[PDB]
Each structure stands twice: as C-alpha cells, then as structure tokens.
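Before any comments, here is the structure.
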Amino acid sequence: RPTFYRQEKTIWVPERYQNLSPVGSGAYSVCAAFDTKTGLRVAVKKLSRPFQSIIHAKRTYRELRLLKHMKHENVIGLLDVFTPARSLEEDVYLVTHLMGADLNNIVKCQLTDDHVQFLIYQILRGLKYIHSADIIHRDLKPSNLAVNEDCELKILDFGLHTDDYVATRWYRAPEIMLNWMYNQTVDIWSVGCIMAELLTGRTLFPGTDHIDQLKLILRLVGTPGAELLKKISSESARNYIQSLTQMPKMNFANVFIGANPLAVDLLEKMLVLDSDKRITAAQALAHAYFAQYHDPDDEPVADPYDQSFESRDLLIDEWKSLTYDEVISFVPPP
Ligand SMILES: Cc1ccc(-n2nc(C(C)(C)C)cc2NC(=O)NCc2cc(F)ccc2Oc2ccc3c(cnn3CCO)c2)cc1
C-alpha cells in the first residue's frame, strides 16, 4: 500500500524509510535507517531465503510471533513489518527502534559502579520479563545488548552458532556448553560474565576452546562438589571432571579487588556451578546492590505466550499463510 523503492551488498523498502546504511550481513541481514513518519532511527532486518526449508520458515514464524509478543522497555520492541511482494502467494522485513550501539565498543570506554548497577538492573529487568514467558535466550553476549547515550538498554539477539570480534563461548554457560542437562539460569551465568567483565574491564573467562574455557571457569569457581557431579548426564565427561586436578573455590574478594562489596556478592550469587542453585532474575533484582533502582511494581511480567505451534511441523507451503496472517494483523504502537 505504501510506495516501495530499491537499492543495493544486498538489495532492499517503503518510502518512509530513508538513508539506508548497512550493519550486519549475517548468515540469515540488517539495515539501520530513518523512519520519516515517526522520526526515529530504526533497525531494519531482512530475512533472506525465509522459506527455502520448513526449518527457517519455522524460524521466521517463531521470530515474528515472539517480536509481536515482546513489549518491554529493556527488550526489543517491534515497530513495523512489510513486504514488497504483491500478494499472499508471494522476501520479508522487520523494523525496530534502533539504539545507539551495542555494548562491545563501550566496554572499552568510560565505567563507574553505579553505571554497572543501572546496566545490570536493566538487563535483569528484561530477563525477568523474558523468563516469565518461559523463554530462554542462550546467546546472551554483549553484542546482543543495545545501549544509547542515556544508558538505556534493550535486550536483543541477532546472532544472525558454534564459534568453537568477541567469541560467544566466553559467555555461554558451562552446562549449555557441554549439554550436561538446563534451566533458564544459563542466561544468568552470561550476566555474571558480563558484569564481571564490565567491573574488571577485561574478559572473565577468555577460553581458547571448550577445554580451556572450562579450565578457566573452574580456576575460579573451583571443582564441583560431590553433589553437582551427580547432575552430569555424561559418564565420559564425568570421568574427565573427576580426573582434572581439583581446584579450590577462589575468594572472589581476592579477584574482584576494589569492587563494590555488593557487586562482588552478587557475582558470587550469579556464578554458581550448579544450575539448580544460581540466583534467579527476580531474586537478583531483590539484591541490595540494585536497591537503588529496585522497584518490584516497575518490573512487569510478560503475559503468557502460546508456544504450542512448535510441535506443529507443517508442510513447506502452508506455513507462509500463517506467517502472512501474523504479518497483516500487526499493530504498530502509537
Ligand atoms: C529464530 C529466532 C528469531 C529471532 C529471535 N530473537 N529473539 C530475541 C529476544 C530479544 C527475545 C532474545 C530477538 C530476536 N530477533 C532479533 O533481535 N532480530 C533483530 C532485528 C529485529 C527487528 F524486528 C528489526 C531489526 C533487527 O535487527 C537489529 C536489532 C537491533 C539492533 C540492530 C542494530 N542496532 N541494534 C541495536 C543495538 O545494536 C539491528 C530468536 C530466534
């Protein structure tokens, strides 16, 4: 209905979006643009080959459904959806509020302890909302976090993985890195890595590989207790852990020198090896380190999310009809 235009290392689309500049030509690409109607700077994601197989058609539908159901200040909020193709029988695009820049190029600059408080509070306030819809992030690296000059923070994901530029394994939880089991606390492990890297300014677990990563993590959190060893669903990995020369639990006070006491304490809470023992997003919000901004009423919980469709593995063709239904019925926010 609106007028579309074309331009190219990929081709792009309505008239309202101008000044297209590239961002990420990842495996599945993205553009940063300016929406003339709202007057905001927007991020425009284009899904390449969304229907070449039912698997990334499932990804397509999953993405749109989720982004539609996502409405949180600290989480990406869908703005527009459109296609130039001329009928339901016929590329697709996603638009969202574009924050200043990710967190990579800002770890290198400026941080005070209160800035870390505000940042990690935004992240945990987003993760409460995410986990209360029974959704797990997994890929919670700094480059998937959006920030602007006002230190506002929006959570995000365009991994767009298996790495073995900031390597992803450095922030992946031990158990999800070795399929030992997992509950949502893997994201909290990532948060611990991130807060530590901010306060200390350097990588916490700069693992060169799976093995080196694991060894670095243990050199801090120590070897597992007799209990946690039971929790492993891998007898080869079990014998390997039991073989590693035991490592005692280091005192985080020794490591996080000159760090806010409450900061070191929360780090103690967010880096428990046992998945069923780490602190939860809400329990961390309740932490005194965030009592400056901690507001239980200003930390809403996402309404239920109907994920029933995952078991519905449909034909190659008909899934685009349901994706089209979810496209046309989109409702922009005033
Ligand atoms: C199979 C599958 C599909 C999707 C997801 N999934 N899950 C999540 C959550 C939050 C729930 C974890 C988010 C997503 N998907 C995206 O976040 N897609 C990016 C995207 C979406 C648009 F609607 C519009 C533009 C987009 O690209 C961007 C977005 C932010 C940007 C830029 C540039 N700057 N910034 C800000 C700072 O960098 C570009 C998971 C699995």
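Following the order of the structure tokens, first chain is A, next is B, and so on, with residues numbered from 1 inside each chain and ligands from 1 in the order they appear.
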
Can I get the residues of chain A within 6 Å of ligand 1, each with the closest pair of atoms and their distance in Å to one decimal, using only C-alpha atoms and all ligand atoms, sorted chain first then ascending number, as a tab-separated table?
```
residue	atom	partner	partner_atom_place_in_ligand_line	distance
A:30	CA	ligand 1	27 (O)	5.5
A:43	CA	ligand 1	25 (C)	4.4
A:44	CA	ligand 1	25 (C)	4.3
A:45	CA	ligand 1	25 (C)	4.2
A:59	CA	ligand 1	1 (C)	4.1
A:62	CA	ligand 1	1 (C)	5.8
A:63	CA	ligand 1	3 (C)	3.9
A:75	CA	ligand 1	10 (C)	5.8
A:76	CA	ligand 1	10 (C)	5.5
A:78	CA	ligand 1	23 (F)	5.1
A:94	CA	ligand 1	23 (F)	4.0
A:95	CA	ligand 1	24 (C)	3.9
A:96	CA	ligand 1	24 (C)	4.4
A:98	CA	ligand 1	36 (C)	5.0
A:99	CA	ligand 1	36 (C)	4.6
A:101	CA	ligand 1	37 (C)	4.7
A:102	CA	ligand 1	38 (O)	4.4
A:137	CA	ligand 1	12 (C)	5.3
A:146	CA	ligand 1	37 (C)	3.8
A:155	CA	ligand 1	10 (C)	5.4
A:156	CA	ligand 1	10 (C)	4.0
A:157	CA	ligand 1	17 (O)	4.0
A:158	CA	ligand 1	18 (N)	5.0
```

- Message: I'd like the neighbourhood of residue 193 (chain A) as a list in words, where a residue qualifies if any of its atoms comes within 9 Å (using only C-alpha atoms), though same-chain residues fewer than 4 positions away should be ignored.
- Response: residues 170, 171, 172, 188, 189, 197, 198, 203, 204, 205, 267, 270 and 271 of chain A

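Excluding residue 249 (chain A) itself and any same-chain residue fewer than 6 positions from it, the protein and nucleic acid residues within 8 Å of it, counting only C-alpha atoms, are residues 219, 220, 221, 222 and 223 of chain A.
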
- Expected answer as a ChimeraX atom specification: strand (DSSP E) residues in region 7-180 of chain A: /A:17-22,30-35,41-47,78-82,92-97,101-102,145-147,153-155

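Interatomic distance, CA of residue 299 (chain A) to CA of residue 286 (chain A): 11.0 Å.
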
- Message: Could you pull out the helix (DSSP H, G or I) residues of region 56-206 of chain A, going by DSSP on the backbone, and write them as a PyMOL selection string?
- Response: chain A and resi 56-69+104-107+113-131+142-144+174-178+185-200

- Note on the structure: Among A:67, A:199, A:315, A:279, residue 261 (chain A) is approached most closely, using only C-alpha atoms, by A:199

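Excluding residue 274 (chain A) and any residue on its chain fewer than 3 positions from it, the residues at most 7 Å away by only C-alpha atoms are residues 228, 277 and 278 of chain A.
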
Restricted to N, CA and C atoms, what would the selected residues look like written as an mmCIF file, in the first residue's frame?
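To be explicit, this is the file written out as result_27.cif:
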```cif
data_model
loop_
_atom_site.group_PDB
_atom_site.id
_atom_site.type_symbol
_atom_site.label_atom_id
_atom_site.label_comp_id
_atom_site.auth_asym_id
_atom_site.auth_seq_id
_atom_site.Cartn_x
_atom_site.Cartn_y
_atom_site.Cartn_z
ATOM 1 N N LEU A 228 27.027 -31.936 42.723
ATOM 2 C CA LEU A 228 26.868 -31.487 41.344
ATOM 3 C C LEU A 228 27.364 -32.536 40.356
ATOM 4 N N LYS A 277 21.008 -23.984 41.484
ATOM 5 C CA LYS A 277 21.383 -23.195 42.651
ATOM 6 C C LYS A 277 21.654 -21.733 42.336
ATOM 7 N N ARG A 278 22.013 -21.392 41.104
ATOM 8 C CA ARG A 278 22.258 -20.000 40.764
ATOM 9 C C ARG A 278 21.053 -19.145 41.130
#
```

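Distances from A:60, A:242, A:260, A:183 to residue 116 (chain A) were compared using only C-alpha atoms, and the smallest one belongs to A:260.
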
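When the distance limit is 9 Å and only C-alpha atoms are what count, the residues near residue 142 (chain A), minus those fewer than 6 positions from it on the same chain, are residues 102, 103, 104, 107, 166, 171 and 194 of chain A.
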
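The protein and nucleic acid residues lying at most 9 Å from residue 138 (chain A) are residues 172, 173, 176, 184, 186, 187 and 190 of chain A, with only C-alpha atoms considered and sequence neighbours fewer than 4 positions away removed.
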
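Closest to residue 307 (chain A) among A:10, A:51, A:134, A:80 is A:134, based on only C-alpha atoms.
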
- Message: What's around residue 207 (chain A) at 10 Å? Count only C-alpha atoms, leave out sequence neighbours fewer than 2 positions away in its own chain, and write the answer as number ranges by chain.
- Response: A: 164, 167-171, 203-205, 209-217

Just N, CA and C atoms for this one: save the residues we selected as a PDB file, in the first residue's frame.
```pdb
ATOM      1  N   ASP A 164      33.318 -22.175  18.475  1.00  0.00           N
ATOM      2  CA  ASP A 164      34.342 -23.194  18.665  1.00  0.00           C
ATOM      3  C   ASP A 164      33.831 -24.245  19.643  1.00  0.00           C
ATOM      4  N   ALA A 167      34.332 -13.826  21.078  1.00  0.00           N
ATOM      5  CA  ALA A 167      33.857 -15.194  20.934  1.00  0.00           C
ATOM      6  C   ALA A 167      32.672 -15.451  21.856  1.00  0.00           C
ATOM      7  N   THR A 168      31.716 -16.234  21.360  1.00  0.00           N
ATOM      8  CA  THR A 168      30.472 -16.441  22.092  1.00  0.00           C
ATOM      9  C   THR A 168      30.672 -17.372  23.283  1.00  0.00           C
ATOM     10  N   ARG A 169      31.537 -18.384  23.147  1.00  0.00           N
ATOM     11  CA  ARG A 169      31.689 -19.373  24.214  1.00  0.00           C
ATOM     12  C   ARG A 169      32.131 -18.728  25.522  1.00  0.00           C
ATOM     13  N   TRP A 170      32.799 -17.573  25.445  1.00  0.00           N
ATOM     14  CA  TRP A 170      33.251 -16.890  26.654  1.00  0.00           C
ATOM     15  C   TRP A 170      32.090 -16.586  27.595  1.00  0.00           C
ATOM     16  N   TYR A 171      30.874 -16.459  27.055  1.00  0.00           N
ATOM     17  CA  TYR A 171      29.702 -16.121  27.850  1.00  0.00           C
ATOM     18  C   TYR A 171      28.688 -17.249  27.950  1.00  0.00           C
ATOM     19  N   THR A 203      38.167  -9.595  29.774  1.00  0.00           N
ATOM     20  CA  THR A 203      37.392 -10.824  29.674  1.00  0.00           C
ATOM     21  C   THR A 203      37.562 -11.665  30.933  1.00  0.00           C
ATOM     22  N   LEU A 204      36.448 -12.201  31.430  1.00  0.00           N
ATOM     23  CA  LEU A 204      36.495 -13.016  32.639  1.00  0.00           C
ATOM     24  C   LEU A 204      37.028 -14.415  32.341  1.00  0.00           C
ATOM     25  N   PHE A 205      36.368 -15.137  31.429  1.00  0.00           N
ATOM     26  CA  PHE A 205      36.760 -16.486  31.032  1.00  0.00           C
ATOM     27  C   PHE A 205      37.117 -16.465  29.549  1.00  0.00           C
ATOM     28  N   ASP A 209      39.051 -22.454  23.818  1.00  0.00           N
ATOM     29  CA  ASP A 209      38.289 -23.574  23.278  1.00  0.00           C
ATOM     30  C   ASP A 209      37.385 -24.084  24.393  1.00  0.00           C
ATOM     31  N   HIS A 210      36.662 -25.166  24.105  1.00  0.00           N
ATOM     32  CA  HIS A 210      35.815 -25.775  25.122  1.00  0.00           C
ATOM     33  C   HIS A 210      36.630 -26.135  26.362  1.00  0.00           C
ATOM     34  N   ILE A 211      37.724 -26.882  26.175  1.00  0.00           N
ATOM     35  CA  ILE A 211      38.517 -27.358  27.308  1.00  0.00           C
ATOM     36  C   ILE A 211      39.110 -26.184  28.077  1.00  0.00           C
ATOM     37  N   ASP A 212      39.783 -25.280  27.364  1.00  0.00           N
ATOM     38  CA  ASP A 212      40.403 -24.139  28.024  1.00  0.00           C
ATOM     39  C   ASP A 212      39.355 -23.281  28.718  1.00  0.00           C
ATOM     40  N   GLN A 213      38.221 -23.042  28.054  1.00  0.00           N
ATOM     41  CA  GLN A 213      37.122 -22.309  28.677  1.00  0.00           C
ATOM     42  C   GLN A 213      36.730 -22.944  30.007  1.00  0.00           C
ATOM     43  N   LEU A 214      36.507 -24.260  29.996  1.00  0.00           N
ATOM     44  CA  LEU A 214      36.102 -24.956  31.213  1.00  0.00           C
ATOM     45  C   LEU A 214      37.166 -24.834  32.295  1.00  0.00           C
ATOM     46  N   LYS A 215      38.433 -24.993  31.918  1.00  0.00           N
ATOM     47  CA  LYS A 215      39.508 -24.895  32.898  1.00  0.00           C
ATOM     48  C   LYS A 215      39.557 -23.507  33.519  1.00  0.00           C
ATOM     49  N   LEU A 216      39.363 -22.465  32.707  1.00  0.00           N
ATOM     50  CA  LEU A 216      39.372 -21.109  33.242  1.00  0.00           C
ATOM     51  C   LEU A 216      38.218 -20.902  34.211  1.00  0.00           C
ATOM     52  N   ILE A 217      37.033 -21.406  33.861  1.00  0.00           N
ATOM     53  CA  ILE A 217      35.887 -21.242  34.751  1.00  0.00           C
ATOM     54  C   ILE A 217      36.148 -21.938  36.083  1.00  0.00           C
TER      55      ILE A 217
END
```

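Between residue 133 (chain A) and the candidates A:327, A:151, A:145, A:66, the tightest atom-to-atom separation, counting only C-alpha atoms, involves A:66.
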
- Message: What's the separation between CA of residue 56 (chain A) and CA of residue 77 (chain A), in Å to one decimal place?
- Response: 21.6 Å
